[PDB]
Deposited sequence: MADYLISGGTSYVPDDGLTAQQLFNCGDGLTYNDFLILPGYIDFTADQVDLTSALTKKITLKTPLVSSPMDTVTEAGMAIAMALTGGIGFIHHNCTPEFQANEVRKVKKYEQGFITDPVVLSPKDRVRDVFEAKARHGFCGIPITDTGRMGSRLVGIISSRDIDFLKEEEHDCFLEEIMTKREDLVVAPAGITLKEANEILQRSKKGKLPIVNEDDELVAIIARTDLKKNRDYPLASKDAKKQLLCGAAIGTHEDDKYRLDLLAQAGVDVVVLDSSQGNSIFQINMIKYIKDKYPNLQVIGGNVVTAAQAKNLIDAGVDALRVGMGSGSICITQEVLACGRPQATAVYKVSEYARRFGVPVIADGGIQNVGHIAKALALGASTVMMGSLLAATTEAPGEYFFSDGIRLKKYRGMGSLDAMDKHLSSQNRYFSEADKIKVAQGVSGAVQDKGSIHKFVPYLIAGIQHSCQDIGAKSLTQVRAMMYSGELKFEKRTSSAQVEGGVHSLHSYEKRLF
């Protein structure tokens, strides 16, 4: 005998089905473990040409990221984006403060990476110029809705006035929006609006974006390691966290400890999560769910 029929759903049937799901609406069926967790490689792609030893990224929120944070984040394997809710002069001053840890994220010159947010209005161009000076590695046009002529133009701009600077498009949740931002020439995409339901939004935008070599950043909703694993598993290349970090020490302010103990923790969990599903890298988990090897299963409200 020994034939075993066939597990649950395939990412496709589940996230193209008038569903509209969250991270908590489904679980993932385990696989075959035949190696240890510490062998799981979490290397991820932040933008077409920026790569991290971990998929973690902090949010451009005054209550979250600022030099202090941006630094730890990079030392430990991630990267941070400074909030533009301050004087342009104050922001670029943060960017420069930032500019053993085998994982440390560094530029082509041994320096910790740093990114920062900027609006899509005129006055922002100046801010940009200060930021570019302080040696910023990447910029993220920070908007709740990004499929606008005001972002498309700010993109075509920066893409020209600064060819070696990587640009990340404003928040989108459909492939109809992503198209435009990818034509204007963005180097990555920030997915999230309402935290459309997140999981379904990530699934959809990644599925289109990969066809062009554009990474996707799962932005919003991450509450625990689980959500992170589910967000990567659906297509996201990296994950952005806001509130889940606002209680660390490196956070600007008056729970948890330093980013130097928390981040390691997260990385541990995530590899452990990649073991349970029998994948050795994150790249492999994405390949599995697109092929149909990785199976899922919905949970009822009362089943949560």
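- Numbering the deposited sequence from 1, one finds several regions with no C-alpha coordinates, namely 1 to 9, 109 to 231, 328 to 340, 400 to 448, 499 to 514.
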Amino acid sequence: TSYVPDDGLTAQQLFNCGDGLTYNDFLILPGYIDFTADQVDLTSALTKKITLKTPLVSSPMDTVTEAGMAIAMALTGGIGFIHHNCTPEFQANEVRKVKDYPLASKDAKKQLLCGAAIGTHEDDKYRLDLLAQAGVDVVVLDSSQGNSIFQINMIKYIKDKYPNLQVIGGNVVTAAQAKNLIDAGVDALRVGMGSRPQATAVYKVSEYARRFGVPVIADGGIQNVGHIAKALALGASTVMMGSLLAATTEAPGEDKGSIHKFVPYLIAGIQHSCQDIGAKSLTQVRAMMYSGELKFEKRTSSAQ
From here on, numbers count along this sequence of modelled residues.
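- Comparing 107 to 115 with 137 to 145, the higher mean C-alpha B-factor in the PDB entry belongs to 107 to 115.
- According to the PDB record, 239 to 247 carries the higher mean C-alpha B-factor of the two stretches 37 to 45 and 239 to 247.
- In the PDB entry, the Cα temperature factor peaks, among 178, 165, 234, 228, at 165.
- Highest CA B-factor among 95, 158, 173, 188, as stated in the entry: 95.
- Residue-level temperature factors show residue 210 in the lowest third of its chain, judged at the C-alpha atom.
- Among all modelled residues in this chain, the alpha-carbon of residue 63 has a temperature factor (C-alpha) in the highest third.
- In this PDB entry, residue 269 carries a Cα temperature factor that places it within the lowest third of its chain's modelled residues.
- In this PDB entry, residue 122 carries a Cα temperature factor that places it within the highest third of its chain's modelled residues.
- In the deposited entry, the Cα temperature factor of residue 102 places it in the highest third of its chain's modelled residues.
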